[PDB]
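Here is the structure we will look at, set down as structure tokens.
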Amino acid sequence: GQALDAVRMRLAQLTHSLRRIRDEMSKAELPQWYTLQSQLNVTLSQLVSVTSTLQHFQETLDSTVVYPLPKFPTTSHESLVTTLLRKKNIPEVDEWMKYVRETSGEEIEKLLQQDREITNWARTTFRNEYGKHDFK
Amino acid sequence: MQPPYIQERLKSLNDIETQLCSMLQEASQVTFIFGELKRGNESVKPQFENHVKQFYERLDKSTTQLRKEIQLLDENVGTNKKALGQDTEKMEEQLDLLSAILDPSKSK
């Protein structure tokens, strides 16, 4: 419950930041560019923290089993239950990665290791380039 | 016109921003080339080293030259005034006009 509690508080503050950026964008007059950058960076790094913390506690979330309350009436709130129950993605993202995979399209494994060696080589090359010139 | 010193100062500054533009352009080409390098054709691999080296050497010496300019600012300290003579020069030209008026052989 502790992990889900931390997820709750962090997601609540993320939703609060979203409500903020919403009600300062809803104005008919656009504020200064710098305030928009500050709000963007803060909210976006907060989203990063959301992702990282959700990553950290996957085991606690998975272990939990969902069950409706005995006191909760489904006869009158079945629509509300179904609203939270449904999880299928929005369609546009679906065909989005479908076209993405269409465009992308032992052989695969050796290309994978070739990518490994290119990555390592590029990292070493840029380390050497940084070391070549004194930046301090 | 301005004294020459300011002229080469502004030339050096213009060179500075042109070098910055060249650095941005070379960043564009290196970002371009890395894409196909990730794609998997090794022909343009040698060009990558040259592009990276030229990009870094363009990034460094530009900042170095700008640092030299800001340093020049440090020792350049200590190194209507025209109005004080302005009326005088006006005076001069007016009398010149009178001369042109005074001589009828020069009014042609």
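Taken together, the values in this text are just the output of simple stated rules run on the coordinates, not laboratory data. Virtual Cβ from ideal backbone geometry, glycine too; neighbours counted across all protein chains shown.
Observations on the structure shown:
- Restricted to helices (runs of 4 or more DSSP H) entirely inside chain B, those with at least 1 residues that are at negative phi and within 26 Å of the chain's Cα centre (by Cα) are B:4-39, B:45-76.
- The set of residues from the stretch A:118-136 being assigned to a helix (DSSP H, G or I), surrounded by 10 or more Cβ atoms within 10 Å (Cβ to Cβ) and not β-branched (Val, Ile, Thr) comprises A:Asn120, A:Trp121, A:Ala122, A:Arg123, A:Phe126, A:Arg127, A:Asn128, A:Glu129, A:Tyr130, A:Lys132.
- When residues in the stretch A:82-112 are screened for being more than 12 Å from every other protein chain (Cβ to nearest Cβ), in a helix (DSSP H, G or I) and closer than 30 Å to B:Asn41 by Cα, 10 of them pass.
- For the stretch B:65-89, filtered to residues that are of a type in the set (D, E, K, R) and surrounded by fewer than 10 Cβ atoms within 10 Å (Cβ to Cβ), the residue that is farthest from the other protein chains (Cβ to nearest Cβ) is B:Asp87.
- Helices (runs of 4 or more DSSP H) completely within the stretch A:1-81 that count 1 or more residues being of a type in the set (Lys, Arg) and surrounded by 13 or more Cβ atoms within 10 Å (Cβ to Cβ): A:2-25
- Picking from residues in the stretch B:36-64 that are of a type in the set (A, V, I, L, M) and surrounded by 15 or more Cβ atoms within 10 Å (Cβ to Cβ), the one that is farthest from the other protein chains (Cβ to nearest Cβ) is B:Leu59.
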